[PDB]
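Visitor: This is the content of run.csv (CSV, C-alpha atoms):
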chain,number,residue,atom,x,y,z
Z,1,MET,CA,30.6,-34.1,-6.6
Z,2,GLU,CA,29.2,-34.0,-10.2
Z,3,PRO,CA,26.0,-32.0,-10.4
Z,4,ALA,CA,23.4,-32.9,-13.1
Z,5,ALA,CA,21.4,-30.7,-15.5
Z,6,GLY,CA,17.7,-31.4,-15.7
Z,7,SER,CA,15.8,-34.3,-14.1
Z,8,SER,CA,13.0,-32.2,-12.6
Z,9,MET,CA,9.2,-32.2,-12.9
Z,10,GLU,CA,8.3,-28.5,-13.1
Z,11,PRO,CA,10.6,-27.0,-10.5
Z,12,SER,CA,8.2,-24.2,-9.6
Z,13,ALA,CA,8.7,-23.0,-6.0
Z,14,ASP,CA,10.9,-19.9,-5.5
Z,15,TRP,CA,9.8,-18.5,-8.9
Z,16,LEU,CA,6.9,-16.7,-7.1
Z,17,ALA,CA,9.0,-14.3,-4.9
Z,18,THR,CA,11.6,-13.9,-7.7
Z,19,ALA,CA,9.1,-12.6,-10.3
Z,20,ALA,CA,7.5,-10.3,-7.7
Z,21,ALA,CA,10.8,-8.6,-7.0
Z,22,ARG,CA,11.3,-8.3,-10.8
Z,23,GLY,CA,8.0,-6.4,-11.4
Z,24,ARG,CA,6.4,-9.5,-13.0
Z,25,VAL,CA,2.7,-9.7,-12.2
Z,26,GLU,CA,1.9,-12.1,-15.1
Z,27,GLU,CA,4.8,-14.4,-14.2
Z,28,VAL,CA,3.5,-15.0,-10.6
Z,29,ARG,CA,-0.2,-14.8,-11.5
Z,30,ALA,CA,0.4,-18.0,-13.5
Z,31,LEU,CA,2.9,-19.6,-11.1
Z,32,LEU,CA,1.1,-18.5,-7.9
Z,33,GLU,CA,-2.1,-20.1,-9.2
Z,34,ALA,CA,-0.1,-23.1,-10.3
Z,35,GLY,CA,1.0,-23.9,-6.7
Z,36,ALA,CA,3.8,-21.4,-6.0
Z,37,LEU,CA,4.8,-21.6,-2.3
Z,38,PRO,CA,4.2,-18.3,-0.5
Z,39,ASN,CA,6.1,-19.3,2.6
Z,40,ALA,CA,9.0,-20.6,0.5
Z,41,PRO,CA,12.4,-20.2,2.2
Z,42,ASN,CA,13.7,-17.1,0.4
Z,43,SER,CA,17.5,-16.6,0.1
Z,44,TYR,CA,17.3,-13.0,1.4
Z,45,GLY,CA,15.8,-13.8,4.8
Z,46,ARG,CA,12.9,-11.8,3.5
Z,47,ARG,CA,9.3,-12.6,2.6
Z,48,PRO,CA,7.3,-13.6,-0.5
Z,49,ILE,CA,6.0,-10.0,-0.7
Z,50,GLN,CA,8.6,-8.0,1.3
Z,51,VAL,CA,10.7,-8.6,-1.8
Z,52,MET,CA,8.0,-8.1,-4.5
Z,53,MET,CA,8.0,-4.9,-6.5
Z,54,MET,CA,6.6,-2.4,-4.0
Z,55,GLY,CA,5.6,-0.3,-7.0
Z,56,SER,CA,2.8,-2.7,-7.9
Z,57,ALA,CA,0.2,-3.6,-5.1
Z,58,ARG,CA,-1.1,-6.0,-7.8
Z,59,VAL,CA,1.8,-8.4,-7.0
Z,60,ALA,CA,1.5,-8.3,-3.2
Z,61,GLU,CA,-2.2,-9.1,-3.8
Z,62,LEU,CA,-1.2,-12.2,-5.7
Z,63,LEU,CA,0.9,-13.5,-2.8
Z,64,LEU,CA,-1.5,-12.0,-0.2
Z,65,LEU,CA,-4.7,-13.3,-1.9
Z,66,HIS,CA,-2.9,-16.6,-1.8
Z,67,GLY,CA,-1.5,-16.2,1.7
Z,68,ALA,CA,2.0,-14.6,1.7
Z,69,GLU,CA,3.7,-13.3,4.9
Z,70,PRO,CA,2.3,-9.7,5.2
Z,71,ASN,CA,2.7,-10.0,9.0
Z,72,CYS,CA,5.8,-12.2,9.6
Z,73,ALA,CA,9.1,-10.4,9.2
Z,74,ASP,CA,12.8,-11.1,10.0
Z,75,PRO,CA,14.0,-12.4,13.4
Z,76,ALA,CA,17.3,-10.7,12.6
Z,77,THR,CA,16.3,-7.3,11.3
Z,78,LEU,CA,12.5,-7.5,12.0
Z,79,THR,CA,12.1,-5.7,8.6
Z,80,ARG,CA,8.3,-5.9,8.5
Z,81,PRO,CA,6.9,-6.2,5.0
Z,82,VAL,CA,4.7,-3.2,6.0
Z,83,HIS,CA,7.7,-0.9,5.4
Z,84,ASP,CA,8.2,-2.1,1.8
Z,85,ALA,CA,4.8,-0.5,1.0
Z,86,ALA,CA,5.3,2.8,2.8
Z,87,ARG,CA,9.0,3.0,2.2
Z,88,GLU,CA,8.3,2.7,-1.5
Z,89,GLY,CA,5.5,5.3,-1.1
Z,90,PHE,CA,2.9,2.7,-2.0
Z,91,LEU,CA,-0.4,2.9,-0.1
Z,92,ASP,CA,-2.4,0.3,-2.2
Z,93,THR,CA,0.1,-2.3,-0.8
Z,94,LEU,CA,-0.6,-1.4,2.8
Z,95,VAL,CA,-4.4,-1.6,2.5
Z,96,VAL,CA,-4.0,-5.1,1.0
Z,97,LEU,CA,-1.9,-6.3,3.9
Z,98,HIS,CA,-4.5,-4.9,6.4
Z,99,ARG,CA,-7.2,-6.4,4.1
Z,100,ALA,CA,-5.7,-9.9,4.7
Z,101,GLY,CA,-4.4,-10.2,8.3
Z,102,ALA,CA,-1.2,-8.1,8.5
Z,103,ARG,CA,0.2,-6.4,11.6
Z,104,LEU,CA,1.3,-2.8,10.6
Z,105,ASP,CA,2.5,-1.6,14.0
Z,106,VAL,CA,5.9,-3.2,14.5
Z,107,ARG,CA,9.5,-1.9,14.7
Z,108,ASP,CA,12.5,-3.0,12.7
Z,109,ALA,CA,15.1,-4.8,14.8
Z,110,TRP,CA,17.1,-1.5,14.9
Z,111,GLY,CA,14.4,0.8,16.5
Z,112,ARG,CA,12.4,2.4,13.7
Z,113,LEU,CA,8.8,2.0,12.4
Z,114,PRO,CA,6.9,1.5,9.1
Z,115,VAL,CA,5.1,4.8,9.5
Z,116,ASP,CA,8.3,6.7,10.5
Z,117,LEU,CA,10.2,5.4,7.5
Z,118,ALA,CA,7.6,7.1,5.2
Z,119,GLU,CA,7.9,10.4,7.1
Z,120,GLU,CA,11.6,10.3,6.2
Z,121,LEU,CA,11.5,9.4,2.5
Z,122,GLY,CA,8.3,11.3,1.3
Z,123,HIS,CA,5.2,9.0,1.6
Z,124,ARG,CA,3.3,11.1,4.2
Z,125,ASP,CA,0.2,9.8,2.3
Z,126,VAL,CA,1.3,6.2,3.1
Z,127,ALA,CA,2.6,7.1,6.6
Z,128,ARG,CA,-0.8,8.7,7.4
Z,129,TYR,CA,-2.9,5.6,6.9
Z,130,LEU,CA,-0.1,3.8,8.7
Z,131,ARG,CA,0.1,6.0,11.9
Z,132,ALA,CA,-3.6,5.0,12.1
Z,133,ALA,CA,-3.2,1.2,11.8
Z,134,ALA,CA,0.3,1.3,13.2
Z,135,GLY,CA,-0.7,2.0,16.9
Z,136,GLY,CA,-3.9,3.3,18.5
Z,137,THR,CA,-2.1,6.3,20.0
Z,138,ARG,CA,-2.3,9.3,17.7
Z,139,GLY,CA,-1.0,12.5,19.4
Z,140,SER,CA,0.7,15.1,17.1
Z,141,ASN,CA,1.9,17.6,19.8
Z,142,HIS,CA,2.0,15.0,22.6
Z,143,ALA,CA,4.6,12.5,23.9
Z,144,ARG,CA,4.3,9.1,25.6
Z,145,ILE,CA,6.3,8.4,28.8
Z,146,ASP,CA,10.1,8.9,28.4
Z,147,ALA,CA,10.9,5.5,26.8
Z,148,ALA,CA,13.6,5.8,24.1
Z,149,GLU,CA,13.2,2.5,22.2
Z,150,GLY,CA,16.5,1.4,20.6
Z,151,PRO,CA,20.2,1.0,21.6
Z,152,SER,CA,21.0,1.5,25.3
Z,153,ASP,CA,22.7,4.8,26.4
Z,154,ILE,CA,21.4,8.1,24.9
Z,155,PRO,CA,24.4,10.2,23.7
Z,156,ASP,CA,23.1,13.7,23.0
Give the structure from the file, written as structure tokens.

Guide:
Amino acid sequence: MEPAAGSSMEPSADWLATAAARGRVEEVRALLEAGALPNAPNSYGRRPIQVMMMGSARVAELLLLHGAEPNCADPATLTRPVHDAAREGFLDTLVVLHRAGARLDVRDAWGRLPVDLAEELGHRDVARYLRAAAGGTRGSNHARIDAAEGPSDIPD
């Protein structure tokens, strides 16, 4: 019932993802190399990089070079960390994921894709390299077999 203050030998563990999300490359570079856990249980059901500052491929590299979860996503929203790169209009982040084992052809639990999200915001440059690694199919004026992927029922 009475919590204590202190009594810990270098509590370095979730400080890796935290700094990443706070645009802190030097904070993690030191922690990450000090033993920061890349697969640490984040409190946002997210990943070690999916939460890092997407405006700095340098961070993702720190977690990726070490072994973050550039592929794993969320079993609840399937928010793949590949969207964080394109969604933020960052391409250097996507290459890194692909440079170190990272699936970039998945679909958020809803029914979207990492390449489509970029076509909405304004990262066509990031969505381009994505449509290539996010599925072999690449037809501009074509259309796979009628298979709406998402919620049942299709209300016009």

Visitor: For residue 97 of chain Z, which residue among Z:144, Z:128, Z:58, Z:24 is the nearest when counting only C-alpha atoms?

Guide: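 Between Z:144, Z:128, Z:58, Z:24, the residue approaching residue 97 of chain Z most closely is Z:58.
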
Visitor: Please determine, counting only C-alpha atoms, which residue among Z:30, Z:115, Z:16, Z:63 has the shortest atom-to-atom distance to residue 83 of chain Z.

Guide: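 Closest to residue 83 of chain Z, using only C-alpha atoms: Z:115.
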
Visitor: Can you measure atom CA of residue 124 of chain Z to atom CA of residue 138 of chain Z for me? One decimal in Å is fine.

Guide: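 Straight-line distance from atom CA of residue 124 of chain Z to atom CA of residue 138 of chain Z works out to 14.7 Å.
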
Visitor: Applying 9 Å and only C-alpha atoms, which residues near residue 73 of chain Z remain after dropping the ones on its own chain fewer than 4 positions away? List them as a PDB file with C-alpha atoms, in the frame of the given file.

Guide:
ATOM      1  CA  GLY Z  45      15.800 -13.800   4.800  1.00  0.00           C
ATOM      2  CA  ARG Z  46      12.900 -11.800   3.500  1.00  0.00           C
ATOM      3  CA  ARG Z  47       9.300 -12.600   2.600  1.00  0.00           C
ATOM      4  CA  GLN Z  50       8.600  -8.000   1.300  1.00  0.00           C
ATOM      5  CA  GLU Z  69       3.700 -13.300   4.900  1.00  0.00           C
ATOM      6  CA  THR Z  77      16.300  -7.300  11.300  1.00  0.00           C
ATOM      7  CA  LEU Z  78      12.500  -7.500  12.000  1.00  0.00           C
ATOM      8  CA  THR Z  79      12.100  -5.700   8.600  1.00  0.00           C
ATOM      9  CA  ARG Z  80       8.300  -5.900   8.500  1.00  0.00           C
ATOM     10  CA  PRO Z  81       6.900  -6.200   5.000  1.00  0.00           C
ATOM     11  CA  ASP Z 108      12.500  -3.000  12.700  1.00  0.00           C
TER      12      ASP Z 108
END

Visitor: Which residues, written as a PDB file with C-alpha atoms, keeping the file's coordinate frame, have at least one atom at most 8 Å from residue 32 of chain Z, with all atoms listed in the file counted and residues fewer than 3 positions away on the same chain left out?

Guide:
ATOM      1  CA  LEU Z  16       6.900 -16.700  -7.100  1.00  0.00           C
ATOM      2  CA  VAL Z  28       3.500 -15.000 -10.600  1.00  0.00           C
ATOM      3  CA  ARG Z  29      -0.200 -14.800 -11.500  1.00  0.00           C
ATOM      4  CA  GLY Z  35       1.000 -23.900  -6.700  1.00  0.00           C
ATOM      5  CA  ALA Z  36       3.800 -21.400  -6.000  1.00  0.00           C
ATOM      6  CA  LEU Z  37       4.800 -21.600  -2.300  1.00  0.00           C
ATOM      7  CA  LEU Z  62      -1.200 -12.200  -5.700  1.00  0.00           C
ATOM      8  CA  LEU Z  63       0.900 -13.500  -2.800  1.00  0.00           C
ATOM      9  CA  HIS Z  66      -2.900 -16.600  -1.800  1.00  0.00           C
TER      10      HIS Z  66
END

Visitor: Record the distance separating atom CA of residue 93 of chain Z and atom CA of residue 33 of chain Z, expressed in Å with one decimal.

Guide: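 Interatomic distance here is 19.8 Å.
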
Visitor: Quick one: everything within 10 Å of residue 151 of chain Z, counting only C-alpha atoms, minus sequence neighbours fewer than 2 positions away in the same chain. Send it as JSON, numbers by chain.

Guide: {"Z": [110, 111, 148, 149, 153, 154]}

Visitor: Quick one: residues within 10 Å of residue 59 of chain Z, only C-alpha atoms counted, chain neighbours fewer than 3 positions away excluded, as JSON, numbers by chain?

Guide: {"Z": [16, 17, 19, 20, 21, 23, 24, 25, 26, 27, 28, 29, 48, 49, 52, 53, 54, 55, 56, 62, 63, 64, 65, 93]}

Visitor: Which one is closest to residue 60 of chain Z: Z:114, Z:15, Z:134, Z:82? Count all atoms listed in the file.

Guide: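 That would be Z:82, the residue with the smallest distance to residue 60 of chain Z.
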
Visitor: For the atom pair atom CA of residue 129 of chain Z and atom CA of residue 146 of chain Z, what is the interatomic distance in Å to one decimal place?

Guide: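 Computing the Euclidean distance for atom CA of residue 129 of chain Z and atom CA of residue 146 of chain Z yields 25.3 Å.
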
Visitor: Calculated over all atoms listed in the file, which of the candidates Z:109, Z:13, Z:126, Z:96 has the smallest distance to residue 150 of chain Z?

Guide: Z:109

Visitor: For residue 121 of chain Z, which of Z:84, Z:92, Z:10, Z:61 is the closest residue, counting all atoms listed in the file?

Guide: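 Residue with the minimum atom-to-atom distance to residue 121 of chain Z: Z:84.
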
Visitor: With distances taken over only C-alpha atoms, which of Z:118, Z:104, Z:76, Z:41 is nearest to residue 136 of chain Z?

Guide: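 Counting only C-alpha atoms, the residue closest to residue 136 of chain Z is Z:104.
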
Visitor: Show me as JSON, numbers by chain the residues that reach within 10 Å of (-0.2, -1.4, 15.6), counting only C-alpha atoms and using the file's own coordinates.

Guide: {"Z": [102, 103, 104, 105, 106, 107, 130, 131, 132, 133, 134, 135, 136, 137]}

Visitor: Would you output that residue set with C-alpha atoms, as a compact mmCIF listing (two decimals), in the frame of the given file?

Guide:
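After the write, part-v5.txt holds the following:
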# COMPACT_ATOMS: atom_id res chain seq x y z
CA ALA Z 102 -1.20 -8.10 8.50
CA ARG Z 103 0.20 -6.40 11.60
CA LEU Z 104 1.30 -2.80 10.60
CA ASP Z 105 2.50 -1.60 14.00
CA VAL Z 106 5.90 -3.20 14.50
CA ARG Z 107 9.50 -1.90 14.70
CA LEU Z 130 -0.10 3.80 8.70
CA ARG Z 131 0.10 6.00 11.90
CA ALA Z 132 -3.60 5.00 12.10
CA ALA Z 133 -3.20 1.20 11.80
CA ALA Z 134 0.30 1.30 13.20
CA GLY Z 135 -0.70 2.00 16.90
CA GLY Z 136 -3.90 3.30 18.50
CA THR Z 137 -2.10 6.30 20.00
